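One structure is given here, and the rest of the page talks about it.
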Amino acid sequence: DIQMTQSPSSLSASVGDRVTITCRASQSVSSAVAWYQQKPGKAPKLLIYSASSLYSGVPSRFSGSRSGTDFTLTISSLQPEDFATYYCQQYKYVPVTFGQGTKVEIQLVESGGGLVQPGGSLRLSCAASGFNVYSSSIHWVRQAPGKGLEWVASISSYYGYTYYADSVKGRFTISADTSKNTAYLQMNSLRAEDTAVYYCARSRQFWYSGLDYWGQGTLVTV
Amino acid sequence: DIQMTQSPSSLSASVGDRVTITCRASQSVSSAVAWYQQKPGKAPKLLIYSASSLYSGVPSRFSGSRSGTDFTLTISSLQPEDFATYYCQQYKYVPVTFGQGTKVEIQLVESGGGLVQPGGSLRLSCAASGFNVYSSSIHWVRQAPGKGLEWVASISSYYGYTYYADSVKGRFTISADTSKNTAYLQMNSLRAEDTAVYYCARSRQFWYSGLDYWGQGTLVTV
Amino acid sequence: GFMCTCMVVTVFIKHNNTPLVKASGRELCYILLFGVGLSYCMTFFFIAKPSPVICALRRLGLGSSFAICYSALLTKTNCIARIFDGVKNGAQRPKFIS
Amino acid sequence: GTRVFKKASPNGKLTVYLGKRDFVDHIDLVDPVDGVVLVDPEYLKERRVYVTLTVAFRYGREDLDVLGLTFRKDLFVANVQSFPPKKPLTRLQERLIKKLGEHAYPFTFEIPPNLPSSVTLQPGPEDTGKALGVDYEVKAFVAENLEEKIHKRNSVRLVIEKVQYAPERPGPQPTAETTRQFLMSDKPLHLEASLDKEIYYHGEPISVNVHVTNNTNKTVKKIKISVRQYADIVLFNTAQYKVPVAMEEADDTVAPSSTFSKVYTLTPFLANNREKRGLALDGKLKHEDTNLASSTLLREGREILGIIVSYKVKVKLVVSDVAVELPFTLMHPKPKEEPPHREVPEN
Amino acid sequence: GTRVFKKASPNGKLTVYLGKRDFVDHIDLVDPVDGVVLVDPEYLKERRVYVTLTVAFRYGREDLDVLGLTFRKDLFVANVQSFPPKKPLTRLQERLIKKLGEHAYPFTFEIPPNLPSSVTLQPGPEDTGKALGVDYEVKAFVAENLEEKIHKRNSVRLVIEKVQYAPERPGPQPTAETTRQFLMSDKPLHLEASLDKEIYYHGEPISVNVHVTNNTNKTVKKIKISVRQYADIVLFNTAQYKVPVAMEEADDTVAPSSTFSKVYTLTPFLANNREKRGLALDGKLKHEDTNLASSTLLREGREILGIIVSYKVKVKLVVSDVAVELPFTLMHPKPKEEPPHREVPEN
Amino acid sequence: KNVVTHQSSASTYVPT
Ligand SMILES: CC(C)CCC[C@@H](C)[C@H]1CC[C@H]2[C@@H]3CC=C4C[C@@H](O)CC[C@]4(C)[C@H]3CC[C@]12C
C-alpha cells in the first residue's frame with residue numbers, strides 16, 4: 001500500500017488569502033493524484049483530477065501543481081464558503097487510500113444504516129441514477145469519526161474486476177445489479193472495527209477521471 | 001591493416017648496459033605481440049613470443065613487458081654478440097606486418113633466386129625438414145634493402161586457409177605439397193615492386209607460438 | 001488380434017507427439033499396423049464359404065498383407081542400418097529422409 | 001505545465017521523448033508523431049541515427065495456429081534521418097530541444113490517411129508471442145544506415161496507438177425493416193427495429209425498439225437479439241470474423257395476425273467476452289486488456305487496408321427465420337486530457 | 001605479470017573476471033573454476049547474487065532436424081552464492097580482490113571428475129542456432145534466489161572450455177592382427193598392422209605399417225586405410241556416429257601365397273572434413289572452427305556420460321573382406337602458456 | 001523416459 005502525507009494538519013487563514021496544501025506520496029504515482037473536498041454533514045466533492053486538471057462544476061480559484069513526488073493545491077482567494085476539509089488521493093495503485101486530510105478554519109443514494117449488533121452481517125444498497133454500471137466503476141469508501149476517508153471496495157462491471165482493501169479483504173462482497181442498475185455491499189464482520197459512514201461513489205469506467213460523484217451515505221454504528 | 005611504431009630508430013650503448021625498446025600498436029592487440037631479431041647476412045630469429053614469454057634457445061637476458069598498448073623489450077646486459085636489428089610483430093590481426101625496426105651499434109631451405117626480367121613470373125621453392133605442413137603454418141616474408149621485414153603470404157594446410165597482404169593480393173599463389181612436404185610460391189608481377197629477399201618461415205599450426213623457424217632465403221633482383 | 005491392432009493404432013495416434021513415435025517412424029509404424037490389420041482381416045477369409053470371388057480376395061489379400069508388413073519392416077531396418085553405419089565411405093551425409 | 005514520455009535504452013545514452021502516447025486522426029488530417037532523441041557522442045563514423053515508424057499487422061487463427069502459420073505484414077514503414085550531419089518544427093519540439101539541450105535531435109512523422117487504427121486481436125491462453133492485430137511502433141536505430149542489422153541494445157522500441165473518436169455529427173438513427181412472404185399462400189410477416197442513436201460509447205446501454213406484425217399461420221417461438229462484431233481482414237483475403245459480444249433470448253410469443261412492440265437493453269462488455277479468442281479490442285501496449293475495439297470510421301469515399309471493425313445489432317425471429325441487421329458505431333469519444341492507455345488502478 | 005578475462009553486462013555494473021579460459025583436468029583432479037565478480041550497490045532487497053556453472057549438452061542429427069526434434073540436457077549444474085550476506089581462496093583470487101576492491105566477491109567451482117570434455121559437433125549451413133555438443137558456461141544472476149526468471153541484462157554469460165591433454169605415458173603402440181579362413185578348403189589369409197606410436201597430436205602425420213600374407217586362391221584388389229572417428233553419445237541412447245576423417249585407397253595387389261609389407265602416411269585435418277556435418281570438434285566459443293575433437297581419455301576404472309570421442313585406424317582388404325581396427329589417441333599436448341581458443345590471426 | 005529436454009568480452013592486467 002501507498003500512504004499519503006498531507007500538510008499542514010490544520011490551517012487557518014483570512015478570507016481572500018492564498019492557501020497552499022502539500023501532498024507527499026510514498027513513491028512515484030505517475031501524476032495520478034486527485035484532490036477532493038468535503039464539508040461537515042455533506043458528501044465529499046471532487047475538486048482537482050488528473051495532475052492539476054480542473055474539474056467541471058467548481059470555481060477556478062482552486063489550482064494544482066506537481067513537483068516530482070510533491071503535489072501542491074493552491075487557493076488564490078479563500079471564499080467564505082470555501083472552508084472545508086481537503087484530501088489528497090492517488091488512484092495509480094491499489095489501495096486508493098486518501099491522504100491525512102487538512103482542515104481550513106477562519107445521482108447516487110445510499111441506504112442500509114441503523115443500529116448494528118457487535119457481530120453479524122450488514123447489507124448496504126446503492127441506488128444509481130443517470131448512468132449505467134457498465135459505463136462507470138462503483139466504489140465504496142468508509143469514513144470513521146475523527147478520521148478521514150478510506151478506500152474500501154471497488155467494482156468494474158465492464159472488465160468484471162473487483163478490488164478490496166487489505167483490512168477488509170475476505171469479508172466484503174460487492175455486487176452490481178445491472179438489471180436493477182444498483183449496487184449491493186455485504187459485510188460479515190464482528191466488533192466495531194468498521195464503525196464508519198459508507199459513501200457509494202462512482203468514477204469513469206475507462207479513463208478513471210476521479211471519483212466525481214459521491215453518494216449521500218448512511219450512518220453505521222456497531 | 002595495423003602499423004607498428006618502433007622506437008628508437010637507432011640505438012647505441014656500451015657493452016653490458018640495459019637497453020629498452022618500445023613498440024606502439026595502432027589499436028589493441030590482446031597482447032599478441034612478438035619480438036624478433038636478425039643479424040646482417042643471417043635469417044631472423046625469434047626472441048620473445050606471446051606477451052613476454054621467453055622462447056627456448058635464447059639467452060635469458062632479453063625480457064618483455066606490456067603496459068596497455070605499449071610493449072617494452074629490455075636487455076639487462078648488452079653482450080658483444082647481441083648487436084642485431086630488432087623488430088616488433090603483431091599476429092593478432094592480418095596483416096601481420098612487422099614494426100619499423102631498431103638498430104643496435106657499439107630446417108627450412110629457400111631457393112628460386114637469380115636475375116629477374118622486369119615483367120614475368122617467379123617461382124620460389126621452400127624445402128621443409130623436421131615437420132609436416134599440417135602441423136605448422138607456412139609463411140613467406142619479404143625484406144627489401146633499406147627496410148625491414150614485411151609479411152606477405154600465409155598458408156595453413158590443416159584449416160585450408162590462405163592469406164595475402166593487400167599490396168600482394170591477386171598476384172601471389174602459395175601452395176603446400178604435402179606428399180613432397182614442401183612449399184611453392186608463384187608471383188606473376190612486373191617492374192621492381194617486389195625486389196626483396198624472401199624468407200620461408202614457419203609457425204605453430206594451432207596456438208601460433210610466433211615464427212620460430214625462418215628460412216635462409218635467396219636474393220631476388222629485378 | 002484386431003482388437004490389439006486397433007488399440008495400438010489408437011495409442012500411437014493419441015501419442016503422436018511423443019519423441020518415441022517420431023523417432024521410430026510414424027509412416028512406417030502406421031503402414032505396418034495397417035498391414036497387421038489386413039492380416040487379421042484376411043485370417044477369416046479362408047474360414048468362410050469358398051467362392052471364386054472369395055478365393056481371389058483371400059489370395060490377393062494374403063499376398064498384399066505379407067508384402068506390406070515385410071516391406072515396412074525392410075524400410076524400418078534400412079533406416080536403422082543407415083543411422084547405425086554413420087557417415088559412409090566417400091560420403092558426408094547419408095541420412096535417410098523419413 | 002506539460003510532461004512527456006521517455007524511453008531509455010538498456011545500454012548507452014539513447015533516450016526517446018514523445019509528447020503523447022496517442023496519435024489520433026481526423027480523417028482529413030492525422031496528428032503527427034513528433035518527438036526528440038538524446039544520443040551521447042559515443043560514435044566516430046556512425047554519425048547517422050534513424051527513426052522508423054512501423055504499422056505492423058499480424059494475424060493468427062486457431063486452425064492456422066494448430067497448422068503452424070501466422071500471417072505477418074508491414075502496412076506502412078517510414079524512415080527518417082534524425083541527425084542532419086525544411087522539416088518545420090513544433091512548439092513542443094522546440095521546448096524539448098530547449099530543456100534537453102543541443103543534442104536533442106527532433107523527428108516528425110506525418111501518418112498518411114486511409115490507415116487502420118491500432119486494434120489488437122484478443123489472444124488465447126495458448127498464444128504467448130506478439131499480440132495479434134495492427135500495432136504502431138517507433139524504433140530508433142543508432143547504426144550506419146539500414147544495411148547494418150538491428151541491435152536490441154541500440155534500438156529503442158516504443159509502442160504508440162493511433163485511434164479514432166466519435167464524429168461530431170451523430171448521424172441518422174438506424175431503422176431496419178424486413179417483410180417476408182411465407183410459402184403458405186401470401187401471408188406477410190413484418191419485422192422492424194430501431195436504435196436510440198447511431199453513435200454509441202463503450203459501456204453505454206443500447207436500447208433497441210423491436211416491432212413485429214404477424215400475418216401468417218405460425219407463431220414466433222423466441223426472439224434472439226445480439227450484438228455482432230465483424231472484423232474484416234483485407235490482407236491475405238482472410239474470411240470475415242463474426243463474434244456475438246452480447247446476446248438476449250426472449251421466449252415471448254406473438255400471436256398470428258397481431259402486433260407486438262417491445263424494447264430491449266443490451267450492454268456489451270469485455271467480462272463476458274474475455275474467453276472469446278480472436279476478438280478485436282483496442283490497442284494494447286503491455287497487455288492491459290483494453291476495452292473492445294472502437295468501430296473504425298470509413299469516411300473516405302473506402303480502402304482495403306488493415307483490419308476494419310464494425311458492430312451490428314442482429315434481430316432474429318424463428319417461426320425458416322427472419323433476420324435483420326442494424327449497423328451502429330461503438331467508438332470512444334474525445335477524452336478530456338489524454339487516454340491513459342493502461343489500467344488506471346494498477347493493482 | 002598476470003592478466004585475466006573480463007566479461008561485462010550490457011547494463012549496470014556487473015563484471016566477471018576469470019583467470020583463464022581453459023579449465024583442464026588430470027583425471028584424479030580437475031582445475032577449479034576460480035573467478036571474481038564486481039557488482040555495484042544498486043540493490044535494496046535483492047542482496048543475493050548467484051553463479052551457475054552449467055555443462056549443457058545439445059544434440060541434433062540431419063534426420064532429427066528434418067523431423068523437428070533436437071535433444072538437450074544439463075549434465076551438471078552447480079550453483080554458488082557469491083555474496084555472503086570456509087570456502088578457501090587462492091592467490092589469484094586474493095590478487096583480484098586486492099586490485100578490484102572490496103566489492104570483488106569470489107566464486108570457486110570444483111568440477112567433479114568423470115565429466116565429458118568440451119566437444120562441439122560441427123554444424124551444417126542449415127543449422128544456425130546453438131552449437132551442438134557439450135558446452136560449459138558460467139552465468140551470473142543478480143536476482144533474489146532462483147525463483148525469479150533469468151534476465152539477459154543482469155545475467156553474465158561466459159563460455160569456458162574443459163579439455164584434456166595427452167598423458168605422460170605414451171602407452172604401448174597399437175599392433176592388430178587378423179587371420180581369416182576362406183570357404184575354399186583351409187586357406188588362411190593373414191593381415192597385421194602397427195602404428196608408430198599410441199599418442200598422436202593434431203596435425204601430426206600418422207605412419208601405419210601394414211603387412212599382408214596371402215595363402216588363398218584370390219588376389220587382393222585394393223587396400224583401404226582410413227581414420228575413423230567415433231562419437232559415442234551416452235545420453236538418449238543415440239546411435240554411434242562414425243565418420244572417416246581421412247582415407248587412402250591403394251590399387252596394389254598381393255599375389256597368393258606371398259608376403260607384402262608397406263608403410264602408409266595419413267594426416268587427418270579439418271580442411272577435407274569441413275563439409276562433414278555432425279563431426280565432433282574441439283570446444284568453441286564464438287564459432288572459431290577449432291581443430292578436431294581431442295580423443296577423451298577414460299582412465300577411470302568408465303562412465304556413460306556426455307560425448308565420448310575416439311579415433312581408430314581401419315584397414316580393409318577386399319578379395320568377403322578382411323577388416324582390422326587399431327585404436328589411437330588424437331589429443332593435444334599441454335600448451336606452454338595457454339590455449340588462445342581462437343584463430344590467432346583474426347583476419 | 002521418452003523425453004527430449006530434462007556487451008563484449010574484455011581483458012585487464014592484474015599486477016602480482
Ligand atoms: C474389411 C473388413 C473391415 C470388413 C469386411 C470383412 C468381413 C466382415 C466380411 C469379409 C467377407 C465376408 C463374407 C463373404 C461372403 C459370405 C457368404 C454369404 O452367403 C454370407 C456372408 C459371408 C460369409 C460374408 C460374411 C462377412 C465377411 C466375412
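Residues in the C-alpha cells are numbered from 1 in each chain, the chains being A, B, ... in the order shown, and ligands are numbered from 1 in the order shown.
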Per residue of chain E within 6 Å of chain C, which atom pair is closest and at what distance in Å (one decimal), using only C-alpha atoms, listed by chain and increasing number, as CSV?
```
residue,atom,partner,partner_atom,distance
E:239,CA,C:84,CA,5.6
E:241,CA,C:86,CA,4.9
E:242,CA,C:86,CA,4.8
E:243,CA,C:87,CA,4.9
E:276,CA,C:92,CA,5.0
```
Atoms to include: N, CA and C atoms. Write the selected residues as a PDB file, in the first residue's frame.
```pdb
ATOM      1  N   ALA E 239      22.538 -43.563 -31.556  1.00  0.00           N
ATOM      2  CA  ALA E 239      23.413 -44.477 -32.274  1.00  0.00           C
ATOM      3  C   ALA E 239      24.801 -43.870 -32.440  1.00  0.00           C
ATOM      4  N   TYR E 241      28.071 -42.439 -33.908  1.00  0.00           N
ATOM      5  CA  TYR E 241      28.390 -41.676 -35.107  1.00  0.00           C
ATOM      6  C   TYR E 241      29.818 -41.994 -35.534  1.00  0.00           C
ATOM      7  N   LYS E 242      29.964 -42.583 -36.718  1.00  0.00           N
ATOM      8  CA  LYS E 242      31.258 -42.963 -37.267  1.00  0.00           C
ATOM      9  C   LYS E 242      31.514 -42.157 -38.531  1.00  0.00           C
ATOM     10  N   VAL E 243      32.673 -41.500 -38.594  1.00  0.00           N
ATOM     11  CA  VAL E 243      32.980 -40.659 -39.745  1.00  0.00           C
ATOM     12  C   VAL E 243      34.430 -40.831 -40.176  1.00  0.00           C
ATOM     13  N   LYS E 276      31.708 -32.265 -43.492  1.00  0.00           N
ATOM     14  CA  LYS E 276      31.121 -33.402 -42.784  1.00  0.00           C
ATOM     15  C   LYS E 276      30.283 -32.870 -41.629  1.00  0.00           C
TER      16      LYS E 276
END
```
Closest contacts (chain C/ligand 1, max 8 Å, only C-alpha atoms and all ligand atoms) as JSON lines:
```
{"residue": "C:38", "atom": "CA", "partner": "ligand 1", "partner_atom_place_in_ligand_line": "1 (C)", "distance": 7.9}
{"residue": "C:41", "atom": "CA", "partner": "ligand 1", "partner_atom_place_in_ligand_line": "2 (C)", "distance": 6.1}
{"residue": "C:44", "atom": "CA", "partner": "ligand 1", "partner_atom_place_in_ligand_line": "28 (C)", "distance": 6.3}
{"residue": "C:45", "atom": "CA", "partner": "ligand 1", "partner_atom_place_in_ligand_line": "11 (C)", "distance": 6.0}
{"residue": "C:48", "atom": "CA", "partner": "ligand 1", "partner_atom_place_in_ligand_line": "23 (C)", "distance": 5.5}
{"residue": "C:49", "atom": "CA", "partner": "ligand 1", "partner_atom_place_in_ligand_line": "17 (C)", "distance": 6.1}
{"residue": "C:54", "atom": "CA", "partner": "ligand 1", "partner_atom_place_in_ligand_line": "14 (C)", "distance": 6.7}
```
Restricted to N, CA and C atoms, what would the selected residues look like written as a compact mmCIF listing (two decimals), in the first residue's frame?
```txt
# COMPACT_ATOMS: atom_id res chain seq x y z
N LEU C 38 -4.70 -55.78 -41.91
CA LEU C 38 -5.06 -56.51 -43.11
C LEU C 38 -4.87 -58.01 -42.92
N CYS C 41 -7.67 -59.27 -40.85
CA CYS C 41 -8.87 -59.36 -41.67
C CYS C 41 -8.83 -60.60 -42.56
N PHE C 44 -9.90 -64.55 -41.53
CA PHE C 44 -11.21 -65.18 -41.66
C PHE C 44 -11.68 -65.30 -43.11
N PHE C 45 -10.92 -64.79 -44.08
CA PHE C 45 -11.27 -65.02 -45.48
C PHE C 45 -11.18 -66.50 -45.83
N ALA C 48 -14.47 -69.42 -44.36
CA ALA C 48 -15.75 -68.96 -44.89
C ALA C 48 -16.18 -69.95 -45.96
N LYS C 49 -17.29 -69.65 -46.63
CA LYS C 49 -17.73 -70.47 -47.75
C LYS C 49 -16.92 -70.10 -48.99
N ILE C 54 -14.27 -64.96 -53.41
CA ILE C 54 -13.63 -65.09 -52.10
C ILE C 54 -12.24 -65.70 -52.23
```
Exercise for the section: Can you pull out every residue within 7 Å of segment 57-62 of chain B, counting only C-alpha atoms, but drop anything in the same chain fewer than 3 positions away, and send it as a ChimeraX atom specification? Expected result: /B:47,74-77
Cut-off 10 Å: closest chain D/chain A atom pairs per residue, using only C-alpha atoms, as a tab-separated table:
```
residue	atom	partner	partner_atom	distance
D:1	CA	A:65	CA	8.0
D:3	CA	A:31	CA	9.8
D:201	CA	A:135	CA	8.7
D:202	CA	A:135	CA	7.2
D:203	CA	A:135	CA	4.4
D:204	CA	A:135	CA	5.4
D:205	CA	A:132	CA	7.0
D:265	CA	A:179	CA	9.2
D:267	CA	A:134	CA	7.3
D:268	CA	A:158	CA	8.1
D:269	CA	A:158	CA	4.9
D:270	CA	A:159	CA	5.5
D:271	CA	A:159	CA	4.8
D:272	CA	A:160	CA	8.1
D:273	CA	A:159	CA	9.5
D:274	CA	A:159	CA	8.6
D:289	CA	A:159	CA	8.7
D:290	CA	A:206	CA	8.6
D:291	CA	A:206	CA	7.9
D:332	CA	A:206	CA	9.8
D:335	CA	A:207	CA	8.2
D:336	CA	A:209	CA	9.1
D:337	CA	A:53	CA	7.8
D:338	CA	A:207	CA	8.4
D:339	CA	A:207	CA	6.3
D:340	CA	A:207	CA	6.2
D:341	CA	A:207	CA	8.1
D:342	CA	A:207	CA	8.5
D:343	CA	A:206	CA	8.0
D:344	CA	A:92	CA	5.6
D:345	CA	A:93	CA	4.9
D:346	CA	A:93	CA	4.9
D:347	CA	A:94	CA	4.8
```
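When atom CA of residue 91 of chain E is paired with atom CA of residue 34 of chain E, their separation reads 10.4 Å.
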Problem - Atomic distance atom CA of residue 70 of chain D - atom CA of residue 65 of chain E, expressed in Å with one decimal - result: 21.8 Å
Which residues of chain D have any atom within 8 Å of an atom in chain E when counting only C-alpha atoms, and what is the closest pair of atoms for each, with the distance in Å to one decimal? Order the rows by chain and rising number and write it as a tab-separated table.
```
residue	atom	partner	partner_atom	distance
D:10	CA	E:11	CA	5.8
D:11	CA	E:11	CA	5.2
D:153	CA	E:10	CA	7.8
```
Practice task
Could you check how far atom CA of residue 61 of chain C sits from atom CA of residue 34 of chain C, in Å to one decimal?
Solution key: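 Here the two named atoms are 12.3 Å from each other.
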Practice task
Define the interface residues of chain F facing chain C as those within 12 Å, counting only C-alpha atoms, and report them as a PyMOL selection string.
Solution key: chain F and resi 1-5
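Contact shell of segment 20-30 of chain A at 8 Å (only C-alpha atoms; same-chain neighbours under 4 positions omitted): residues 2, 3, 4, 5, 6, 7, 8, 69, 70, 71, 72, 73, 74, 75, 88, 90, 92, 93, 99 and 102 of chain A.
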Practice task
Find the residues near residue 123 of chain D: any atom within 7 Å, counting only C-alpha atoms, skip ones fewer than 3 places away on the same chain, and give them as a list in words.
Solution key: residues 127, 131, 132, 277 and 278 of chain D
Exercise for the section: Excluding residue 216 of chain E and residues on its chain fewer than 2 positions from it, collect all residues at most 6 Å away from it, counting only C-alpha atoms, and give them as a list in words. Expected result: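 That gives residues 187, 214, 218 and 256 of chain E.
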Members of chain C assigned helix (DSSP H, G or I) by DSSP, as a PDB file with C-alpha atoms, in the first residue's frame:
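Dumped to result-v7.pdb:
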```pdb
ATOM      1  CA  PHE C   2      -7.774 -56.999 -34.419  1.00  0.00           C
ATOM      2  CA  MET C   3      -8.587 -55.502 -31.014  1.00  0.00           C
ATOM      3  CA  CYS C   4      -4.883 -55.329 -30.146  1.00  0.00           C
ATOM      4  CA  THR C   5      -4.047 -53.777 -33.525  1.00  0.00           C
ATOM      5  CA  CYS C   6      -6.711 -51.078 -33.206  1.00  0.00           C
ATOM      6  CA  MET C   7      -5.648 -50.396 -29.610  1.00  0.00           C
ATOM      7  CA  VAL C   8      -2.026 -49.935 -30.713  1.00  0.00           C
ATOM      8  CA  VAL C   9      -3.156 -47.703 -33.590  1.00  0.00           C
ATOM      9  CA  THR C  10      -5.169 -45.523 -31.202  1.00  0.00           C
ATOM     10  CA  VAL C  11      -2.261 -45.394 -28.735  1.00  0.00           C
ATOM     11  CA  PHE C  12       0.150 -44.231 -31.442  1.00  0.00           C
ATOM     12  CA  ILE C  13      -2.353 -41.720 -32.853  1.00  0.00           C
ATOM     13  CA  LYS C  14      -3.008 -40.237 -29.407  1.00  0.00           C
ATOM     14  CA  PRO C  19       9.614 -38.469 -29.268  1.00  0.00           C
ATOM     15  CA  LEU C  20       9.472 -42.279 -29.382  1.00  0.00           C
ATOM     16  CA  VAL C  21       6.797 -42.448 -32.093  1.00  0.00           C
ATOM     17  CA  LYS C  22       8.500 -39.766 -34.192  1.00  0.00           C
ATOM     18  CA  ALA C  23      11.924 -41.418 -33.947  1.00  0.00           C
ATOM     19  CA  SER C  24      10.536 -44.896 -34.661  1.00  0.00           C
ATOM     20  CA  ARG C  26       5.333 -42.520 -37.960  1.00  0.00           C
ATOM     21  CA  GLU C  27       4.793 -43.559 -41.581  1.00  0.00           C
ATOM     22  CA  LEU C  28       6.483 -46.952 -41.226  1.00  0.00           C
ATOM     23  CA  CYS C  29       4.720 -47.834 -37.974  1.00  0.00           C
ATOM     24  CA  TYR C  30       1.361 -46.742 -39.409  1.00  0.00           C
ATOM     25  CA  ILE C  31       1.760 -48.820 -42.571  1.00  0.00           C
ATOM     26  CA  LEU C  32       2.999 -51.817 -40.558  1.00  0.00           C
ATOM     27  CA  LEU C  33      -0.060 -51.546 -38.302  1.00  0.00           C
ATOM     28  CA  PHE C  34      -2.266 -51.305 -41.398  1.00  0.00           C
ATOM     29  CA  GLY C  35      -0.646 -54.469 -42.751  1.00  0.00           C
ATOM     30  CA  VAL C  36      -1.200 -56.224 -39.420  1.00  0.00           C
ATOM     31  CA  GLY C  37      -4.864 -55.225 -39.544  1.00  0.00           C
ATOM     32  CA  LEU C  38      -5.064 -56.513 -43.113  1.00  0.00           C
ATOM     33  CA  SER C  39      -3.595 -59.824 -41.928  1.00  0.00           C
ATOM     34  CA  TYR C  40      -6.134 -60.071 -39.112  1.00  0.00           C
ATOM     35  CA  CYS C  41      -8.869 -59.362 -41.671  1.00  0.00           C
ATOM     36  CA  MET C  42      -7.533 -61.999 -44.088  1.00  0.00           C
ATOM     37  CA  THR C  43      -7.479 -64.527 -41.232  1.00  0.00           C
ATOM     38  CA  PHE C  44     -11.209 -65.178 -41.665  1.00  0.00           C
ATOM     39  CA  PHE C  45     -11.270 -65.020 -45.479  1.00  0.00           C
ATOM     40  CA  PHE C  46     -10.053 -68.625 -45.550  1.00  0.00           C
ATOM     41  CA  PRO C  52     -14.225 -67.651 -56.812  1.00  0.00           C
ATOM     42  CA  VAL C  53     -14.517 -64.038 -55.653  1.00  0.00           C
ATOM     43  CA  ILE C  54     -13.634 -65.087 -52.097  1.00  0.00           C
ATOM     44  CA  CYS C  55     -10.765 -67.264 -53.366  1.00  0.00           C
ATOM     45  CA  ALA C  56      -9.314 -64.362 -55.366  1.00  0.00           C
ATOM     46  CA  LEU C  57      -9.844 -61.965 -52.457  1.00  0.00           C
ATOM     47  CA  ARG C  58      -8.108 -64.264 -49.972  1.00  0.00           C
ATOM     48  CA  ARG C  59      -5.081 -64.934 -52.192  1.00  0.00           C
ATOM     49  CA  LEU C  60      -4.654 -61.260 -53.122  1.00  0.00           C
ATOM     50  CA  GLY C  61      -5.161 -60.079 -49.545  1.00  0.00           C
ATOM     51  CA  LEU C  62      -2.701 -62.586 -48.104  1.00  0.00           C
ATOM     52  CA  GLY C  63      -0.045 -61.617 -50.639  1.00  0.00           C
ATOM     53  CA  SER C  64      -0.636 -57.892 -50.171  1.00  0.00           C
ATOM     54  CA  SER C  65      -0.644 -58.086 -46.364  1.00  0.00           C
ATOM     55  CA  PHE C  66       2.603 -60.058 -46.234  1.00  0.00           C
ATOM     56  CA  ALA C  67       4.185 -57.656 -48.726  1.00  0.00           C
ATOM     57  CA  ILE C  68       3.057 -54.581 -46.776  1.00  0.00           C
ATOM     58  CA  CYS C  69       4.204 -55.892 -43.392  1.00  0.00           C
ATOM     59  CA  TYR C  70       7.602 -57.146 -44.522  1.00  0.00           C
ATOM     60  CA  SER C  71       8.285 -54.118 -46.749  1.00  0.00           C
ATOM     61  CA  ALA C  72       7.535 -51.826 -43.805  1.00  0.00           C
ATOM     62  CA  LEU C  73       9.927 -53.969 -41.763  1.00  0.00           C
ATOM     63  CA  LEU C  74      12.567 -53.623 -44.502  1.00  0.00           C
ATOM     64  CA  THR C  75      12.169 -49.842 -44.572  1.00  0.00           C
ATOM     65  CA  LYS C  76      12.441 -49.667 -40.774  1.00  0.00           C
ATOM     66  CA  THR C  77      15.553 -51.850 -40.626  1.00  0.00           C
ATOM     67  CA  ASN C  78      17.112 -49.954 -43.546  1.00  0.00           C
ATOM     68  CA  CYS C  79      16.626 -46.637 -41.744  1.00  0.00           C
ATOM     69  CA  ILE C  80      18.103 -48.243 -38.623  1.00  0.00           C
ATOM     70  CA  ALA C  81      21.105 -49.566 -40.579  1.00  0.00           C
ATOM     71  CA  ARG C  82      21.694 -46.201 -42.268  1.00  0.00           C
ATOM     72  CA  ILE C  83      21.632 -44.452 -38.884  1.00  0.00           C
ATOM     73  CA  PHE C  84      23.892 -47.066 -37.267  1.00  0.00           C
ATOM     74  CA  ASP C  85      26.500 -47.052 -40.044  1.00  0.00           C
TER      75      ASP C  85
END
```
Practice task
Using only C-alpha atoms, determine which residues of chain F fall within 6 Å of chain E; present them as number ranges by chain.
Solution key: F: 4-7, 9-15
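Shell of residue 159 of chain E at 10 Å, with only C-alpha atoms counted and residues fewer than 2 places along the chain excluded, is residues 21, 22, 53, 54, 135, 136, 137, 138, 139, 157, 161, 283, 284, 285 and 286 of chain E.
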